[PDB]
Amino acid sequence: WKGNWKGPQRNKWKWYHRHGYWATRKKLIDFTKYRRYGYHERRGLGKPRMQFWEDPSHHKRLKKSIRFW
Amino acid sequence: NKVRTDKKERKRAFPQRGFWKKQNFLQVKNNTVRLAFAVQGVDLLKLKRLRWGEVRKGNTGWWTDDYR
Amino acid sequence: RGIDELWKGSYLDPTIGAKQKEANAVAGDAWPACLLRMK
Amino acid sequence: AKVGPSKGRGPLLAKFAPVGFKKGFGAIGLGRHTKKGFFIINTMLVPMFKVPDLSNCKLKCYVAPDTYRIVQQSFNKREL
Amino acid sequence: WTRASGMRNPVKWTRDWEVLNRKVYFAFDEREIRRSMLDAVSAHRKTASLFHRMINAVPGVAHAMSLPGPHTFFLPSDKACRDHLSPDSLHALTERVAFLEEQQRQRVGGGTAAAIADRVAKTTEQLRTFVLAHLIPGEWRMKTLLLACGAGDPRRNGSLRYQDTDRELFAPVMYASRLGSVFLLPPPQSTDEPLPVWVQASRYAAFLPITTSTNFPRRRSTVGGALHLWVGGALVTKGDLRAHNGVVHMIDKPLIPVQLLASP
Amino acid sequence: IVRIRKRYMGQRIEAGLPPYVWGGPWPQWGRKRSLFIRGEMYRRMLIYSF
Amino acid sequence: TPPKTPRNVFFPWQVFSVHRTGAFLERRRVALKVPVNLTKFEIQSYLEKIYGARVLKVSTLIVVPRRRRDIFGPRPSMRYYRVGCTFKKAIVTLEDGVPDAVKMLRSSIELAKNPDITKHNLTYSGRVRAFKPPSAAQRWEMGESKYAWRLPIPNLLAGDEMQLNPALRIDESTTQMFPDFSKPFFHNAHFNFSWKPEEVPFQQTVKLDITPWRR
Amino acid sequence: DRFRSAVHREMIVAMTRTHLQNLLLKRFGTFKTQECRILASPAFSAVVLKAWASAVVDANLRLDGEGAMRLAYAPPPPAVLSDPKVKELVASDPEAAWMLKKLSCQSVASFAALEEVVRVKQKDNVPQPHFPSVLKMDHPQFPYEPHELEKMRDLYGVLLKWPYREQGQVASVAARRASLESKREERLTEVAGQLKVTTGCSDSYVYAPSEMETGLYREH
Amino acid sequence: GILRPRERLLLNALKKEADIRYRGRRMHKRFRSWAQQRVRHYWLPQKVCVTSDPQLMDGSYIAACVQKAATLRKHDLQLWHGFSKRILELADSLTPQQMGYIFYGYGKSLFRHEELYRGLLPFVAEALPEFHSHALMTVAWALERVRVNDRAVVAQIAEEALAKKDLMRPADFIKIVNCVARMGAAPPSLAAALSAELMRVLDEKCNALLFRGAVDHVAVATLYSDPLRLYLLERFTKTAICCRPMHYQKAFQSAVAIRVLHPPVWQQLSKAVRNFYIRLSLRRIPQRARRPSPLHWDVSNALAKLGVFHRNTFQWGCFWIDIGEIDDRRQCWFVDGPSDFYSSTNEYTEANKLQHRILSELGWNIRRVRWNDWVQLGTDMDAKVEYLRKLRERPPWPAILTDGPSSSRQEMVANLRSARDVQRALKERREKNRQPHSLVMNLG
RNA sequence: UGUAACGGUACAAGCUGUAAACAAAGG
RNA sequence: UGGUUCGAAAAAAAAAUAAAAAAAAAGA
RNA sequence: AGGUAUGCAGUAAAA
RNA sequence: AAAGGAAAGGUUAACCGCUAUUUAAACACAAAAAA
């Protein structure tokens with residue numbers, strides 16, 4: 001190389017502003033692909049069916065659709 | 001690092017003849033600790049050197065055994 | 001004056017012995033809702 | 001990856017970011033930034049803890065073990 | 001990326017002391033000023049009201065003082081004029097400045113009218129002479145004037161370098177054991193007599209050893225500093241009011257020319 | 001020679017002898033007037049604070 | 001994350017617990033684990049109203065447990081984890097002292113970990129050189145005048161309980177003998193101030209000759 | 001009269017005692033001497049020096065500054081010698097008796113002059129500084145003259161254990177000395193140094209402004 | 001872009017000098033806090049216009065206007081005399097809250113209109129049973145600040161605070177006790193009762209920030225009982241860290257007063273507390289700039305013409321001395337102005353008497369000059385020199401400072417006007433004497 | 001809806017929301 | 001001592017953050 | 001030659 | 001000569017803006033309407 005060697009930089013500002021959560025949202029990519037640390041639309045099954053021996057008074061299924069005061 | 005994400009294990013795949021011991025720096029640190037303990041009346045070095053089950057009060061030892 | 005209450009009588013208290021610590025540690029039942037409803 | 005939440009790093013914090021990053025933890029606001037880098041505090045916004053007079057209170061954290069027997073008998077005498 | 005500033009400035013300045021000394025030279029001696037001498041006078045108009053009014057009311061004076069030639073202007077204060085000029089002279093000066101301003105305002109808006117032109121000409125010439133008696137060719141800064149008067153010369157600065165006092169009379173609790181050269185500046189533009197300049201030790205110089213480490217060998221004005229610079233019998237109160245085309249020095253007495261002075 | 005001189009001076013310090021030094025000609029090992037330049041800087045800082 | 005504190009509480013849920021530190025803490029100081037979202041005013045009011053403690057100062061730090069990799073045991077899963085929880089460490093300075101046996105850790109297994117003994121003579125981190133700002137007495141405003149011991153009022157108050165002469169506090173095993181002022185000697189030995197006593201004779205000021213070739 | 005209240009007299013006596021203790025400590029070396037230790041001891045100050053200060057105030061000999069070492073060299077007053085508390089301390093404390101006997105023996109009677117002060121100073125036997133011949137000597141100064149470099153290289157193992165030699169036997173230092181002397185020409189008993197006494201007793205000192213608001217920098 | 005090398009160098013040097021200027025500028029800002037507190041829970045939620053016609057104002061409106069003007073520093077003589085006229089018209093219809101806010105405004109602005117306080121005090125006394133903590137505190141505070149002394153009403157206010165002890169705010173009670181001590185209005189029984197209540201208030205209800213306000217040397221010397229003194233001196237050692245220079249100064253003065261006048265209490269203290277105060281005596285407690293007044297300067301000028309060396313406005317121990325002679329250091333003078341006494345009277349203030357007694361017992365020979373007598377001399381210098389000489393030829397003043405003859409508000413106003421005229425004349429003929437007036441121009 | 005961050009819980013691929021596994025016996 | 005905050009100057013947005021929770025009758 | 005300590009608007013001049 | 005900073009803030013001036021405004025902190029002090 002010439003003089004002092006320069007390679008790919010580790011820059012938190014650049015990485016977070018170019019490849020972060022919101023930047024990935026603004027990108028044009030396949031959003032049906034699962035991303036561990038970012039936005040994706042591989043949807044889950046939700047809370048599973050109650051087993052016959054559990055207490056229905058404690059079994060829970062909904063959070064937002066029933067949110068009262 | 002402690003999480004073992006670095007590549008520092010790459011060099012350890014090759015032999016080396018020896019390694020620096022940093023004894024000057026480590027002895028300065030150890031003597032600083034010893035002084036901190038000694039200003040309060042504690043002989044940390046004596047405690048560290050005591051044999052298992054050995055009791056030595058004050059600044060005593062084999063020489064005390066010899067002359068007593 | 002009052003901050004001592006965070007450790008007084010507990011196993012962190014340095015001014016009391018092991019038997020006193022155990023005696024202080026013994027505890028009864030939690031308040032039942034039936035009795036709580038009467039207050 | 002070498003930057004971001006990967007490898008157990010989790011969400012970003014001011015400790016792990018360069019100076020200039022602004023992220024708190026959920027504290028309430030207690031004043032206003034001025035136009036010259038100051039912060040005027042208003043004590044009217046300090047939450048007021050409501051604590052009753054605990055002196056001379058016969059209640060305690062737990063209940064004596066005999067209370068169960070006493071209440072059970074007192075209720076069985078009514079039920080029967 | 002960083003937002004550190006102030007004492008955490010991310011700029012990697014040089015630590016070389018010689019380079020920093022050169023930087024001092026560039027930052028103080030070779031600094032560039034945009035404003036002009038009349039800009040400075042206007043900035044201090046409230047304290048130099050009479051001279052500001054004269055500069056703005058006497059034809060030609062502003063043109064003379066706005067020229068590129070590096071100049072030094074010694075500005076008296078209204079307080080100086082009031083203290084040193086006789087009441088009649090001050091009244092005459094105020095009346096004539098007001099007269100010129102009134103004629104200017106008339107412009108904005110027999111023999112008796114003819115005499116007005118003669119009076120205007122006379123007043124303009126006299127006030128122009130007075131004002132230009134303080135304008136001096138060249139740029140003479142305060143440190144240059146001091147070094148010309150000899151302060152800073154080890155052979156001549158005696159009586160200005162080792163001032164001391166009877167310490168026990170002023171800081172007794174610390175002294176229990178004691179409890180028991182005229183330079184000449186070019187003449188004003190309106191005259192031919194060169195201006196004398198000298199230096200003296202201020203009353204505050206003697207008290208330095210009481211509160212500073214010293215290495216000595218074996219009424220009075222209240223102006224600050226250790227050295228006082230006198231110009232033509234007038235004390236400099238505020239110096240180095242630098243401009244683009246000169247420098248203004250504030251003085252405590254007006255330098256009236258001999259022609260305008262009254263012999264008897 | 002530096003080691004020997006340092007040993008001797010430290011020995012005097014430990015003994016508690018008066019803080020005397022060799023007085024002879026000290027050679028000049030540097031070129032810069034750092035002392036006076038820094039003093040001028042400090043003067044300017046003090047004036048700014050005032 | 002934690003619920004924001006309402007203007008009126010009536011039922012505080014915040015847990016203030018004593019934290020045993022491996023570092024040193026002063027006499028009138030104590031370290032507490034506290035929820036991260038609480039302010040110093042909230043902490044002080046909480047302690048003064050629920051316990052009646054007379055709090056003088058609150059200092060706060062945010063503690064995030066370090067990342068850890070599971071690498072050791074048989075069949076290890078190389079996954080990342082944190083031990084404990086993120087919390088606010090509140091160091092409270094009160095009007096009265098707090099027992100060292102309460103506030104700090106001790107050990108007879110690792111004999112070096114005795115902060116109550118070692119005090120501030122050690123740094124309990126990777127810090128090598130300790131930084132301490134100047135003390136209040138060393139400051140100028142509200143600081144100790146170095147000639148006040150000679151004044152009448154301090155001597156009237158001293159009585160027979162105190163002796164104000166600083167010459168009496170000189171450590172014999174550290175100070176050196178007085179030198180002759182007319183002969184070469186160090187300034188640091190016995191002066192301990194930033195000025196030159198007049199009793200030291202006139203000193204020579206040497207200015208570097210930067211251009212010998214010119215002369 | 002001369003006093004407005006008991007607290008007035010107490011303040012003046014405390015100031016006088018502090019001044020006397022300072023003077024005696026400086027007379028005996030200000031530290032490193034058993035005499036200084038004894039003068040520092042709380043009992044000696046409480047009894048002996050307190051009585052001495054009261055006697056001085058009674059005698060109206062309140063001197064301040066360097067002119068007060070007369071008091072330090074004067075013998076202890078007979079009132080101090082005859083005070084019963086002083087006698088009890090003398091009996092109970094060997095150091096107090098030793099110190100008081102030394103003060104009685106080594107004193108200037110007239111102060112109750114310079115020749116007598118010199119005699120008493122010699123008797124005191126306060127240790128004196130002494131500039132060492134080692135620090136008067138010289139050792140080679142880098143850069144070395146080629147002959148010096150060459151000789152030291154050849155005799156490394158012998159000449160570099162103690163390179164100190166008397167002035168003039170080191171060419172490197174001699175040349176620099178001669179050059180400095182030439183530039184100078186072109187241009188044209190050992191006693192420990194002490195800071196002068198800053199304490200006092202007189203009204204002029206006691207009732208002087210404290211000057212703590214004024215910004216005095218030379219604190220001492 | 002690029003710069004020509006000269007321009008590069010000049011601007012680079014400017015940048016370096018700016019950095020160094022910033023560093024030098026921030027050097028002395030040890031007590032500059034970026035986080036700052038502002039008190040606003042006393043501001044009323046109603047809106048008012050201060051210049052509205054007074055005849056349309058009621059108690060609720062005029063009180064709010066007065067307080068708002070005091071907060072905004074709108075110190076206009078015409079506005080505040082209109083306030084006084086309207087308030088005196090509405091005296092019959094003011095609640096304790098409104099009267100408290102009015103007194104706050106007047107005291108905070110230091111508007112020394114004695115007639116308004118005199119006319120409002122009887123209604124305060126009549127309505128005392130309905131007063132609350134803030135109103136009582138404010139009335140006492142304003143009276144103390146403006147030097148309007150009414151011992152009977154102040155004692156009644158203190159008694160009302162005692163009766164409402166369970167409702168009083170701790171800070172208000174502390175301020176009331178301090179004001180009572182400074183005005184000298186509590187006989188021994190009331191002093192004992194106030195001390196007994198203050199002990200419990202401080203021990204149970206006050207943290208360090210509230211307690212530090214109780215440290216007042218006048219109250220310690222003249223009001224507090226011995227157990228209260230001991231408790232206060234012991235507690236200050238614990239609460240020092242949160243204190244400011246004013247608190248340190250008052251603690252030091254309290255310790256000196258106890259040592260000089262109550263040696264038994266000083267000894268009843270413990271060795272650790274005594275050590276704390278001994279070490280406090282060694283500190284540089286930041287004072288604030290003091291300068292001779294016009295009357296002080298006139299007295300100094302007359303003394304210098306008489307021929308007595310002296311120094312002015314200096315600090316000895318924990319006291320400020322007006323004049324301290326040089327030849328005989330024990331001789332000192334105090335120049336007493338209108339604010340050193342209570343309004344319309346020649347009775348000295350408690351602080352002045354305490355300072356006089358302490359300095360006298362510590363040894364100073366004090367002499368005092370009264371402005372009421374000085375003003376009658378006029379601009380004459382021979383008369384003033386003779387006055388000072390005759391005072392010098394007489395013995396010093398006793399350790400107990402006695403009050404002067406009786407006076408009235410009429411005479412006080414007349415003397416204040418005369419002092420104004422004398423000040424004007426002296427300044428005029430000083431500056432005229434300074435002016436040379438010797439340059440004569442032949443311009444005409 | 002779905003998912004996740006922190007927090008609590010056997011410091012967890014489970015459960016769970018500062019009431020963080022349980023109220024079922026109230027004018 | 002810095003960030004924050006005003007300016008440069010920016011939705012040119014650092015997911016789990018704020019002077020940032022429905023925004024004055026606030027009960028002094 | 002960024003902003004310094006009652007704070008929001010707001011015009012001019014400038015080491 | 002290759003022709004180089006002015007936004008916000010501080011200073012001075014001007015000012016019929018405003019609690020979007022300096023403690024219900026304190027020290028000092030011959031000091032002030034109308035009549």
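Within every chain, numbering begins at 1; the chains are lettered A, B, ... in the order of the sequence lines, protein sequences first and strands thereafter.
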K.L.:
Carefully, step by step, assess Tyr42(I) and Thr71(I) under the rule side chain to side chain donor-acceptor pair (under 3.5 Å).
P.N.:
CA-CA 11 Å; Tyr42(I) 300 84; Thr71(I) 312; over 6 Å; no

K.L.:
Please confirm whether any donor atom in the side chain of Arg43(A) sits under 3.5 Å from an acceptor in the base of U3(J), or the reverse.
P.N.:
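Such a pair does not exist between side chain and base.
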
K.L.:
Is the base of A3(M) touched by the side chain of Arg4(I) through a donor-acceptor pair closer than 3.5 angstrom?
P.N.:
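No, no donor-acceptor pair under 3.5 Å.
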
K.L.:
Say whether, by atom type as modelled, one donor and one acceptor occur between the side chain of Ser42(E) and the main chain of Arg45(E) under 3.5 angstrom.
P.N.:
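No, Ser42(E) side chain to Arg45(E) backbone: no donor-acceptor pair under 3.5 Å.
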
K.L.:
Could you check whether the rings of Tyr104(I) and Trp141(I) sit parallel, tilted or perpendicular, using 30° and 60° as the cut-offs?
P.N.:
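Parallel.
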
K.L.:
With sugar-phosphate meaning primed atoms plus P, OP1 and OP2, does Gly37(D) contact a base, only sugar-phosphate, or nothing at under 4.0 Å between heavy atoms?
P.N.:
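It contacts base atoms.
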
K.L.:
With centres under 5.5 Å and planes under 30° as the test, does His58(A) stack with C22(J)?
P.N.:
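A stacking contact exists, since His58(A) sits close and nearly parallel to the base ring of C22(J).
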
K.L.:
What is the distance, rounded to the nearest whole Å, between atom CZ of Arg25(A) and atom P of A14(K)?
P.N.:
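Spelled out: CZ on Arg25(A) to P on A14(K) is 14 Å.
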
K.L.:
What about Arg182(I), does its side chain sit under 3.5 Å from the base of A26(M) through a donor-acceptor pair?
P.N.:
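No pair found.
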
K.L.:
So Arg8(E), base contact, sugar-phosphate only, or nothing? Heavy-atom distance under 4.0 Å.
P.N.:
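Here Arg8(E) touches the bases of the nucleic acid.
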
K.L.:
Between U23(M), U19(M), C29(M), which nucleotide gets closest to the side-chain atoms of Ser293(I)?
P.N.:
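Comparing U23(M), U19(M), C29(M) against the side chain of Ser293(I), the answer is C29(M).
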
K.L.:
Please pick, from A11(K), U18(J), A23(J), the nucleotide with the shortest atom-to-atom distance to any side-chain atom of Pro2(G).
P.N.:
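Of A11(K), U18(J), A23(J), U18(J) is nearest to the side chain of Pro2(G).
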
K.L.:
Looking at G8(J), which nucleotide sits across from it as a Watson-Crick or G-U wobble partner, both distances under 3.5 angstrom, or is there none?
P.N.:
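Looking at the geometry, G8(J) pairs with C15(J).
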
K.L.:
Rounding to an integer number of Å, can you tell me how far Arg40(I) CZ sits from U22(M) P?
P.N.:
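Nearest whole value for this atom pair: 5 Å.
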
K.L.:
Tell me if a side-chain donor or acceptor on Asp216(I) pairs with a main-chain N or O of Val218(I) at a distance below 3.5 Å.
P.N.:
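The answer is yes, because a donor-acceptor pair under 3.5 Å joins these two groups.
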
K.L.:
Does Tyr104(I) lie flat on the base of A24(M), that is, centres under 5.5 Å apart and planes under 30° off?
P.N.:
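A stacking contact exists, since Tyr104(I) sits close and nearly parallel to the base ring of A24(M).
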
K.L.:
Between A15(L), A2(M), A33(M), which one does the side chain of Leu77(I) approach most closely?
P.N.:
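Looking only at side-chain atoms, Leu77(I) lies closest to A33(M).
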
K.L.:
Would you kindly check whether a donor in the side chain of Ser418(I) faces an acceptor in the base of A30(M), or vice versa, at under 3.5 angstrom?
P.N.:
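For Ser418(I), whose side chain was compared with the base of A30(M), there is no donor-acceptor pair (under 3.5 Å).
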
K.L.:
Classify the side chain of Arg35(A) and the base of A4(J) as holding, or not holding, a donor-acceptor pair under 3.5 Å.
P.N.:
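Absent.
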
K.L.:
Please compare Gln14(G) and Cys34(C) by the position of their nearest nucleotide in RNA chain J and report the one closer to 5'.
P.N.:
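In this pair, the answer is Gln14(G).
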
K.L.:
Can you tell me if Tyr42(I) is stacked onto the base of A24(M), using a 5.5 Å centroid cut-off and an angle below 30°?
P.N.:
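According to the criterion (under 5.5 Å, under 30°), yes, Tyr42(I) stacks.
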
K.L.:
Nearest of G2(K), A14(K), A23(J) to any side-chain atom of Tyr16(A)?
P.N.:
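Given the options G2(K), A14(K), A23(J), the side chain of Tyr16(A) is closest to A14(K).
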
K.L.:
If you check every side-chain atom of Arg420(I), which of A33(M), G7(J), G3(K) has the closest atom?
P.N.:
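Closest of the options to the side chain of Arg420(I): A33(M).
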
K.L.:
Under 3.5 Å, is there any donor-acceptor pair linking the side chain of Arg290(I) to the base of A28(M)?
P.N.:
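Answer is no: no donor-acceptor pair is held.
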
K.L.:
What's the closest nucleotide to the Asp322(I) side chain, out of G4(M), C29(M), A30(M)?
P.N.:
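Nearest to the side-chain atoms of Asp322(I), counting from C-beta on, is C29(M).
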
K.L.:
Give one of base, sugar-phosphate or nothing for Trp141(I), where a contact means two heavy atoms less than 4.0 Å apart.
P.N.:
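If one applies the 4.0 Å heavy-atom cut-off, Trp141(I) turns out to touch the sugar-phosphate alone, with no base involved.
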
K.L.:
Return the value, rounded to whole Å, for the distance between atom CG of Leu72(I) and atom P of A20(M).
P.N.:
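Going from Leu72(I) (CG) to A20(M) (P), I get 9 Å.
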
K.L.:
Taking the side chain as every heavy atom from C-beta outward, state whether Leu426(I) and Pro294(I) have any pair of such atoms under 4.5 Å apart.
P.N.:
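When only atoms from C-beta onward are counted, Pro294(I) and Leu426(I) do not touch, as no gap falls below 4.5 Å.
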
K.L.:
Is any side-chain heavy atom of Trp13(A) less than 4.5 Å from a side-chain heavy atom of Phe21(D)?
P.N.:
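They are not in contact (no side-chain heavy atoms under 4.5 Å apart), so the answer is no.
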
K.L.:
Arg242(E) side chain: which of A30(M), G4(M), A15(L) is closest?
P.N.:
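Closest of the options to the side chain of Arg242(E): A15(L).
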
K.L.:
Within this structure, what is the CZ-to-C1' distance between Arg9(D) and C6(J), rounded to whole angstrom?
P.N.:
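Taking CZ of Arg9(D) and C1' of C6(J), I get 19 Å after rounding.
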
K.L.:
What about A13(L) and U11(M): are they a Watson-Crick or G-U wobble pair, with both distances under 3.5 Å?
P.N.:
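Under the 3.5 Å cut-off on both distances, the two nucleotides are paired.
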
K.L.:
Using a cut-off of 4.0 Å on non-hydrogen atoms, how would the nucleic acid contact of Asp76(I) be classed: base, sugar-phosphate, or nothing?
P.N.:
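Contact class for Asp76(I): none.
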
K.L.:
Looking for any heavy atom pair under 4.0 Å, which part of the strands does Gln287(I) touch: base, sugar-phosphate only, or nothing?
P.N.:
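Touches nothing.
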
K.L.:
Check the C1'-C2'-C3'-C4' sign on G7(L) and let me know if the sugar comes out north or south.
P.N.:
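Judging by the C1'-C2'-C3'-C4' torsion, which comes out negative, the sugar of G7(L) sits south.
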
K.L.:
Tell me whether the side-chain N or O atoms of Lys64(A) pair up with the base of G2(J) as donor and acceptor below 3.5 Å, since no angle test is needed here.
P.N.:
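A donor-acceptor contact between them is present.
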
K.L.:
Any N or O donor-acceptor pair linking the side chain of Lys29(I) to the base of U4(L) at under 3.5 Å?
P.N.:
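Donor-acceptor pair under 3.5 Å: yes.
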
K.L.:
Using the P atom on both, measure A4(J) against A13(J) and round to a whole Å.
P.N.:
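It comes out at 13 Å once rounded to the nearest Å.
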
K.L.:
Can you say whether a donor on the side chain of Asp55(A) sits under 3.5 Å from an acceptor on the base of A24(J), or the other way round?
P.N.:
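Present.
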
K.L.:
Does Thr1(G) get its side chain close enough to the base of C6(J), under 3.5 Å, for a donor-acceptor pair?
P.N.:
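It does not, because no donor-acceptor pair links the side chain of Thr1(G) to the base of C6(J) below 3.5 Å.
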
K.L.:
If you only use heavy atoms from C-beta on, which nucleotide in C27(M), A16(K), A19(K) is closest to the side chain of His33(D)?
P.N.:
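The nucleotide sitting nearest to the side chain is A19(K).
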
K.L.:
Whether the side chain of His134(I) and the base of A24(M) hold a donor-acceptor pair under 3.5 Å is what I'd like checked.
P.N.:
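Answer yes: a donor N or O sits under 3.5 Å from an acceptor.
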
K.L.:
Confirm from the modelled atom types if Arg21(I) and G3(L) form a donor-acceptor pair under 3.5 Å, side chain to base only.
P.N.:
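No, no donor-acceptor pair under 3.5 Å.
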
K.L.:
Between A35(M) and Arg417(I), counting only base atoms on the nucleotide and side-chain atoms on the residue, is there a donor-acceptor pair under 3.5 Å?
P.N.:
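When only heavy-atom distances are counted, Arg417(I) does reach the base of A35(M) through a donor-acceptor pair under 3.5 Å.
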
K.L.:
Taking side chain as C-beta onward, heavy atoms only, is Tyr39(A) less than 4.5 Å from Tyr21(A)?
P.N.:
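In contact.
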
K.L.:
Sort out the partner of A15(K) for me: Watson-Crick or G-U wobble, both distances under 3.5 Å, none otherwise.
P.N.:
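The answer is none; no pair meets the criterion.
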
K.L.:
For the pair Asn178(I) (side chain) and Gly213(I) (backbone), establish whether a donor and an acceptor sit closer than 3.5 Å, ignoring hydrogens and angles.
P.N.:
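Yes; judged by distance alone, with no hydrogens or angles, the pair exists.
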
K.L.:
Under 3.5 Å, is there any donor-acceptor pair linking the side chain of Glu32(E) to the base of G5(M)?
P.N.:
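When only heavy-atom distances are counted, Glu32(E) does not reach the base of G5(M) through any donor-acceptor pair under 3.5 Å.
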
K.L.:
So if I take every side-chain heavy atom of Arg112(I) and compare against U18(J), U4(L), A31(M), which nucleotide ends up nearest?
P.N.:
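Closest of the options to the side chain of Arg112(I): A31(M).
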
K.L.:
Would you mind classifying the nucleic acid contact of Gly84(G) as base, sugar-phosphate or nothing, using non-hydrogen atoms under 4.0 angstrom?
P.N.:
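It contacts base atoms.
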
K.L.:
Between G10(L) and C15(M), is a Watson-Crick or G-U wobble pair present, with both distances under 3.5 Å?
P.N.:
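When the criterion is applied, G10(L) and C15(M) do not count as a base pair.
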
K.L.:
Output the rounded distance in Å from NE2 (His44(E)) to P (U12(M)).
P.N.:
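To the nearest whole Å, that distance equals 12 Å.
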
K.L.:
For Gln67(I), which contact category applies under a 4.0 Å heavy-atom criterion: base, sugar-phosphate, or nothing?
P.N.:
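Result for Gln67(I) = base.
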
